[PDB]
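Listing of entry30.txt, compact mmCIF, C-alpha atoms and all ligand atoms
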```txt
# COMPACT_ATOMS: atom_id res chain seq x y z
CA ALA K 1 81.40 177.15 45.20
CA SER K 2 80.84 173.84 43.29
CA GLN K 3 77.36 172.74 42.16
CA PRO K 4 75.38 170.43 44.49
CA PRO K 5 76.05 166.81 43.52
CA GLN K 6 72.35 166.09 43.18
CA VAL K 7 72.07 168.79 40.50
CA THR K 8 74.81 167.04 38.51
CA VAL K 9 73.15 163.65 39.04
CA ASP K 10 69.80 165.05 37.90
CA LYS K 11 71.38 166.37 34.70
CA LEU K 12 73.14 163.08 33.99
CA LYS K 13 69.94 161.09 34.52
CA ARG K 14 68.14 163.24 31.98
CA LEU K 15 71.02 162.71 29.54
CA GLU K 16 70.86 158.97 30.12
CA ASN K 17 67.16 158.97 29.41
CA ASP K 18 67.83 160.79 26.13
CA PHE K 19 70.70 158.45 25.18
CA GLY K 20 68.81 155.23 25.96
CA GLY K 21 71.67 153.68 27.86
CA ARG K 22 73.87 153.94 30.90
CA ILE K 23 76.47 156.64 31.67
CA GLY K 24 79.14 156.20 34.35
CA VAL K 25 81.50 158.99 35.35
CA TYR K 26 84.09 159.89 37.93
CA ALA K 27 86.05 163.14 38.20
CA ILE K 28 88.83 164.28 40.52
CA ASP K 29 90.01 167.85 41.09
CA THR K 30 93.64 167.15 41.83
CA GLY K 31 94.07 170.49 43.62
CA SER K 32 91.12 170.45 46.04
CA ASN K 33 90.67 166.71 45.94
CA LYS K 34 86.90 167.24 45.45
CA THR K 35 85.35 164.36 43.51
CA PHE K 36 82.14 163.55 41.70
CA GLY K 37 80.72 160.21 40.58
CA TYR K 38 77.56 158.82 38.96
CA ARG K 39 77.38 155.03 38.54
CA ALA K 40 81.03 155.41 39.53
CA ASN K 41 81.44 151.88 40.91
CA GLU K 42 79.51 150.11 38.13
CA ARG K 43 81.53 148.01 35.73
CA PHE K 44 81.78 148.95 32.06
CA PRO K 45 83.77 147.34 29.23
CA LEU K 46 87.20 148.90 28.76
CA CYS K 47 87.25 148.33 25.05
CA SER K 48 90.49 149.76 23.61
CA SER K 49 90.81 152.23 26.55
CA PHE K 50 93.12 149.80 28.42
CA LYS K 51 95.92 150.81 25.99
CA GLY K 52 96.68 154.00 27.95
CA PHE K 53 97.45 151.83 30.95
CA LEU K 54 99.43 149.43 28.73
CA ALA K 55 101.69 152.32 27.78
CA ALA K 56 102.10 153.12 31.47
CA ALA K 57 103.02 149.49 32.20
CA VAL K 58 105.73 149.70 29.52
CA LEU K 59 107.16 152.86 31.05
CA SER K 60 107.16 151.26 34.46
CA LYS K 61 109.16 148.33 33.06
CA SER K 62 111.59 150.70 31.35
CA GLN K 63 112.28 152.48 34.63
CA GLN K 64 113.89 149.16 35.66
CA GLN K 65 115.37 148.01 32.31
CA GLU K 66 117.79 150.57 30.91
CA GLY K 67 117.16 151.38 27.22
CA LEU K 68 114.00 149.27 26.88
CA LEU K 69 112.15 152.08 25.04
CA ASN K 70 114.80 152.01 22.29
CA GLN K 71 114.60 148.24 21.71
CA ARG K 72 113.49 147.43 18.15
CA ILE K 73 110.78 144.81 17.61
CA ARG K 74 110.34 143.16 14.20
CA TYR K 75 107.26 141.17 13.20
CA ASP K 76 107.82 139.82 9.69
CA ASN K 77 105.04 137.48 8.51
CA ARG K 78 102.80 138.23 11.53
CA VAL K 79 99.09 138.38 10.91
CA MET K 80 98.17 141.85 12.03
CA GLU K 81 94.91 142.63 13.82
CA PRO K 82 92.36 144.95 12.25
CA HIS K 83 92.75 148.62 13.16
CA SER K 84 96.56 148.57 13.12
CA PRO K 85 97.22 151.73 11.10
CA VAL K 86 100.81 152.31 12.33
CA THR K 87 102.15 148.78 12.72
CA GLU K 88 100.88 147.66 9.25
CA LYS K 89 103.19 150.27 7.71
CA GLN K 90 106.34 149.48 9.65
CA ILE K 91 106.82 145.78 8.98
CA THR K 92 110.00 146.29 6.97
CA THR K 93 111.50 148.69 9.47
CA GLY K 94 110.29 147.25 12.72
CA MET K 95 109.27 149.61 15.55
CA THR K 96 110.87 150.53 18.83
CA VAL K 97 109.09 149.89 22.13
CA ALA K 98 108.48 153.63 22.47
CA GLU K 99 107.01 153.80 18.97
CA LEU K 100 104.72 150.83 19.68
CA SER K 101 103.60 152.48 22.93
CA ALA K 102 102.87 155.78 21.24
CA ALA K 103 100.99 154.00 18.45
CA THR K 104 98.84 151.88 20.72
CA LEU K 105 97.84 154.89 22.81
CA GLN K 106 97.54 157.60 20.15
CA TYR K 107 96.14 155.65 17.19
CA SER K 108 94.55 152.74 19.09
CA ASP K 109 96.73 150.33 17.12
CA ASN K 110 95.64 146.81 18.04
CA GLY K 111 98.73 145.20 16.53
CA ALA K 112 100.92 147.34 18.73
CA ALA K 113 98.84 146.46 21.80
CA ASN K 114 99.15 142.73 21.23
CA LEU K 115 102.88 143.02 20.40
CA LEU K 116 103.51 144.79 23.75
CA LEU K 117 101.25 142.38 25.64
CA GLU K 118 103.00 139.35 24.10
CA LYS K 119 106.60 140.53 24.23
CA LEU K 120 106.89 142.82 27.29
CA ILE K 121 103.91 142.88 29.67
CA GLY K 122 102.88 139.24 29.99
CA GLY K 123 99.47 139.12 28.32
CA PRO K 124 96.14 140.11 29.86
CA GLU K 125 97.27 138.54 33.12
CA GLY K 126 100.40 140.70 33.18
CA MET K 127 98.42 143.86 32.33
CA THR K 128 96.12 143.09 35.26
CA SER K 129 99.11 142.45 37.51
CA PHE K 130 100.53 145.89 36.69
CA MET K 131 97.24 147.54 37.69
CA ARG K 132 97.20 145.54 40.93
CA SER K 133 100.72 146.77 41.57
CA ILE K 134 99.51 150.41 41.59
CA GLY K 135 96.65 149.55 43.96
CA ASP K 136 93.87 149.16 41.39
CA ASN K 137 91.92 146.14 42.61
CA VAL K 138 89.05 146.66 40.16
CA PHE K 139 90.56 146.63 36.69
CA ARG K 140 90.66 143.31 34.89
CA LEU K 141 91.98 142.38 31.46
CA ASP K 142 91.07 138.82 30.48
CA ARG K 143 91.42 138.62 26.70
CA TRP K 144 93.70 139.92 23.97
CA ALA K 145 93.14 143.09 21.94
CA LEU K 146 90.42 142.05 19.54
CA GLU K 147 88.50 139.59 21.65
CA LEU K 148 88.11 141.89 24.70
CA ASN K 149 85.51 144.06 22.90
CA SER K 150 82.41 141.82 23.07
CA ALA K 151 80.85 144.07 25.72
CA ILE K 152 78.15 141.58 26.73
CA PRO K 153 75.93 142.89 29.54
CA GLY K 154 76.69 141.11 32.77
CA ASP K 155 80.10 139.83 31.66
CA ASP K 156 82.80 141.18 33.92
CA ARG K 157 85.69 140.19 31.66
CA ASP K 158 87.73 143.17 30.40
CA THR K 159 85.95 145.72 32.60
CA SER K 160 86.74 148.40 35.12
CA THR K 161 84.75 151.16 36.83
CA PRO K 162 84.83 154.89 36.11
CA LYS K 163 86.16 155.46 39.63
CA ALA K 164 89.01 152.99 39.24
CA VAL K 165 89.97 154.31 35.79
CA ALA K 166 90.10 157.90 37.09
CA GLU K 167 91.91 156.95 40.27
CA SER K 168 94.53 154.96 38.34
CA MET K 169 95.00 157.80 35.83
CA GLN K 170 95.55 160.22 38.73
CA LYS K 171 98.17 157.89 40.29
CA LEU K 172 100.05 157.45 37.03
CA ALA K 173 99.91 161.11 35.99
CA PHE K 174 100.69 162.77 39.32
CA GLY K 175 101.61 160.18 41.93
CA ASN K 176 104.81 158.25 42.76
CA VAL K 177 104.20 154.98 40.93
CA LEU K 178 106.12 156.30 37.87
CA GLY K 179 109.33 158.42 37.91
CA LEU K 180 109.42 162.02 36.60
CA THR K 181 110.82 161.05 33.18
CA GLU K 182 108.14 158.37 32.87
CA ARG K 183 105.25 160.58 33.98
CA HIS K 184 106.31 163.26 31.55
CA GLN K 185 106.50 160.76 28.68
CA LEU K 186 103.13 159.23 29.55
CA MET K 187 101.41 162.64 29.65
CA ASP K 188 103.01 163.62 26.35
CA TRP K 189 101.60 160.49 24.80
CA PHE K 190 98.11 161.14 26.16
CA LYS K 191 98.24 164.78 25.01
CA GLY K 192 98.94 163.60 21.45
CA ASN K 193 96.06 161.13 21.24
CA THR K 194 94.32 161.43 17.84
CA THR K 195 91.01 159.54 18.40
CA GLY K 196 89.29 161.73 21.01
CA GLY K 197 88.27 164.86 19.14
CA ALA K 198 84.54 164.22 19.50
CA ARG K 199 84.55 163.16 23.19
CA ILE K 200 86.11 164.83 26.24
CA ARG K 201 88.09 167.23 24.03
CA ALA K 202 84.78 168.41 22.49
CA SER K 203 83.48 169.42 25.95
CA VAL K 204 86.14 171.94 26.93
CA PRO K 205 87.24 175.37 25.77
CA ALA K 206 89.77 175.29 23.03
CA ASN K 207 92.57 176.80 25.12
CA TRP K 208 92.45 173.99 27.68
CA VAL K 209 94.92 171.13 27.26
CA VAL K 210 93.71 167.53 27.26
CA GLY K 211 95.37 164.13 27.28
CA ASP K 212 93.02 161.19 26.75
CA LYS K 213 92.44 157.60 25.64
CA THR K 214 89.21 156.41 24.00
CA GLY K 215 87.51 153.05 23.62
CA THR K 216 84.86 152.00 21.06
CA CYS K 217 83.83 148.31 21.34
CA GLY K 218 81.69 148.45 18.19
CA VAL K 219 78.70 146.67 19.81
CA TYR K 220 76.12 147.33 22.55
CA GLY K 221 76.49 151.09 22.02
CA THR K 222 79.59 150.82 24.23
CA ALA K 223 82.23 153.56 24.14
CA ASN K 224 84.29 155.60 26.58
CA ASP K 225 87.03 158.18 27.16
CA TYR K 226 89.23 159.09 30.12
CA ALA K 227 91.48 162.10 30.41
CA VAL K 228 93.61 164.57 32.27
CA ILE K 229 92.31 168.09 31.62
CA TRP K 230 94.38 171.22 32.34
CA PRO K 231 92.06 174.25 32.59
CA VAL K 232 93.49 177.75 32.44
CA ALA K 233 95.45 178.50 35.70
CA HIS K 234 93.60 175.66 37.57
CA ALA K 235 94.72 172.37 38.94
CA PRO K 236 94.27 169.45 36.50
CA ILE K 237 91.04 167.47 36.55
CA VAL K 238 91.01 163.70 35.96
CA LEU K 239 87.80 162.43 34.28
CA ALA K 240 86.47 159.05 33.18
CA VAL K 241 83.30 158.67 31.13
CA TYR K 242 82.01 155.14 30.26
CA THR K 243 78.82 154.29 28.40
CA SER K 244 76.83 151.28 27.26
CA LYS K 245 73.38 150.44 25.85
CA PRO K 246 71.23 147.38 26.32
CA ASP K 247 70.77 146.55 22.62
CA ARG K 248 73.52 144.63 20.88
CA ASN K 249 72.75 146.40 17.63
CA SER K 250 72.79 149.96 18.83
CA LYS K 251 75.44 152.49 17.97
CA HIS K 252 77.54 154.40 20.50
CA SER K 253 77.29 158.17 20.80
CA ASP K 254 80.32 160.49 20.81
CA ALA K 255 78.01 163.41 21.55
CA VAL K 256 76.62 161.80 24.76
CA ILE K 257 80.18 161.32 26.02
CA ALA K 258 81.02 164.96 25.26
CA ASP K 259 77.79 166.15 26.88
CA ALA K 260 78.33 164.02 30.02
CA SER K 261 81.88 165.41 30.25
CA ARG K 262 80.61 168.95 29.96
CA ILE K 263 78.03 168.44 32.75
CA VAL K 264 80.63 166.96 35.07
CA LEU K 265 83.30 169.58 34.41
CA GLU K 266 80.85 172.47 34.71
CA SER K 267 79.92 171.13 38.15
CA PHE K 268 83.37 172.13 39.56
CA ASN K 269 82.58 175.78 38.51
CA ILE K 270 86.19 176.31 37.48
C1 LIG T 301 89.05 149.96 20.65
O1 LIG T 301 88.12 150.29 21.37
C2 LIG T 301 88.90 149.71 19.16
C3 LIG T 301 89.61 150.87 18.45
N1 LIG T 301 89.79 151.97 19.42
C4 LIG T 301 89.04 153.00 19.15
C5 LIG T 301 88.90 154.22 19.93
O2 LIG T 301 89.98 154.43 20.55
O3 LIG T 301 87.85 154.88 20.02
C6 LIG T 301 88.31 152.70 17.73
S1 LIG T 301 87.13 153.77 17.04
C7 LIG T 301 88.12 154.37 15.61
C8 LIG T 301 89.17 155.38 16.00
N2 LIG T 301 88.53 156.67 15.80
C9 LIG T 301 87.79 156.52 14.54
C10 LIG T 301 86.68 157.58 14.52
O4 LIG T 301 86.45 158.19 15.60
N3 LIG T 301 86.03 157.84 13.42
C11 LIG T 301 86.42 157.09 12.13
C12 LIG T 301 84.98 158.96 13.61
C13 LIG T 301 87.19 155.11 14.63
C14 LIG T 301 88.91 151.46 17.25
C15 LIG T 301 87.89 150.64 16.47
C16 LIG T 301 89.46 148.36 18.79
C17 LIG T 301 88.78 147.21 19.45
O5 LIG T 301 89.65 148.13 17.44
```
Can the structure in the file be given as structure tokens, please?
Ligand SMILES: *C(=O)[C@@H]([C@@H]1NC(C(=O)O)=C(S[C@@H]2CN[C@H](C(=O)N(C)C)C2)[C@@H]1C)[C@@H](C)O
Amino acid sequence: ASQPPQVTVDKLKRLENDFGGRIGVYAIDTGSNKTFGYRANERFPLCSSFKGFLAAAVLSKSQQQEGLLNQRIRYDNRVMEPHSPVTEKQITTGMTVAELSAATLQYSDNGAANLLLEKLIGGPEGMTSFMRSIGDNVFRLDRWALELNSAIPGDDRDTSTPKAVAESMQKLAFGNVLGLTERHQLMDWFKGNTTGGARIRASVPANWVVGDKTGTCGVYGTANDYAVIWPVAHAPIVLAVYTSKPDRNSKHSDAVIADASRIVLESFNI
């Protein structure tokens, strides 16, 4: 009963032609294990979207270090990165590791990302090592939170593929690499993301549940979203949508990401 893959490809190519850039997608039906990809093994900049996996890396560490999520981190006199809306308000109080994780995922707080990278996960190298440890041999993080967003065509730094992003999200959400407590916490964080209203969430009926993490590099029309989607009485779908444009000075398009998501999800004929 699903749509022929070439129909879905044909629709995405027309969308690409309209957008004036490149669209890469991969989707997994976790109940039938049917999959769909388009440019699925092409590399795209992660932008801020790595932060969902950063939160996962923190939970993995906490599964081995009792009470890590409750540890308070203070950062008096630190120069905070732009787009740090949570951490810039909690300097006097400090934040716990759980609060920093929730902030980096749900608000795309760069300060929180770099705090967790510096103090817990071992920098871009350590973030990459965590992804290797779950069998993702594609992901790479090379730079810290601000600098990783240059999105230059041809530069493989701070990139992954739609396939690898979706496959790693499926592992973390539903597989064995995290314990039950940790899976549940990760999915609750994704469900409460606040930055994705115009992307994958905008492609699904309002009574479906979504957890997602976005990225918006701010250059080269480069932006993305990946998600777990729970349709009504259907197995969850994992979806990654990555985009870029050839011109440095172009703007990204939220609508193209929502439209690509819609095409892909409709192809499963849920
Ligand atoms: C990461 O890519 C950058 C930040 N992360 C994201 C994002 O997750 O999309 C943005 S875009 C920001 C959040 N949502 C706002 C929005 O949608 N409107 C104001 C319509 C804008 C950040 C810039 C990071 C490198 O800073």
Exercise. Tell me which protein, DNA and RNA residues are within 12 Å of residue 61 in chain K, counting only C-alpha atoms, leaving out same-chain ones fewer than 4 positions away, and put them as a VMD selection string.
Key: chain K and resid 54 to 57 65 to 69 97 to 98 116 120 to 122 126 to 127 130 177 to 179 182
Enumerate as a compact mmCIF listing (two decimals) with C-alpha atoms, in the frame of the given file the residues within 7 Å of ligand LIG 301 (chain T), counting all atoms listed in the file.
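File pocket_19.txt, as written:
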```txt
# COMPACT_ATOMS: atom_id res chain seq x y z
CA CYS K 47 87.25 148.33 25.05
CA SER K 48 90.49 149.76 23.61
CA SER K 49 90.81 152.23 26.55
CA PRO K 82 92.36 144.95 12.25
CA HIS K 83 92.75 148.62 13.16
CA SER K 108 94.55 152.74 19.09
CA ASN K 110 95.64 146.81 18.04
CA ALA K 145 93.14 143.09 21.94
CA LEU K 146 90.42 142.05 19.54
CA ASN K 149 85.51 144.06 22.90
CA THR K 195 91.01 159.54 18.40
CA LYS K 213 92.44 157.60 25.64
CA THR K 214 89.21 156.41 24.00
CA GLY K 215 87.51 153.05 23.62
CA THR K 216 84.86 152.00 21.06
CA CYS K 217 83.83 148.31 21.34
CA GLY K 218 81.69 148.45 18.19
```
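Pairwise distance (CA of residue 18 in chain K, CA of residue 263 in chain K) equals 14.4 Å.
Each of K:193, K:17, K:170, K:6 was checked against residue 210 in chain K using only C-alpha atoms; the smallest atom-to-atom distance is that of K:193.
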Quiz item: Within 12 Å of residue 262 in chain K, counting all atoms listed in the file, which residues qualify if same-chain residues fewer than 4 places away don't, as a ChimeraX atom specification?
Solution: /K:8,11-12,15,25,27,199-205,229,239-241,255-258,266-270
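CA of residue 94 in chain K is positioned 26.9 Å from CA of residue 128 in chain K.
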Quiz item: What lies within 8 Å of residue 148 in chain K using only C-alpha atoms, ignoring chain neighbours under 5 positions off, as a list in words?
Solution: residues 47, 141, 142, 143, 157 and 158 of chain K
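The coordinates place CA of residue 59 in chain K at 26.2 Å from CA of residue 33 in chain K.
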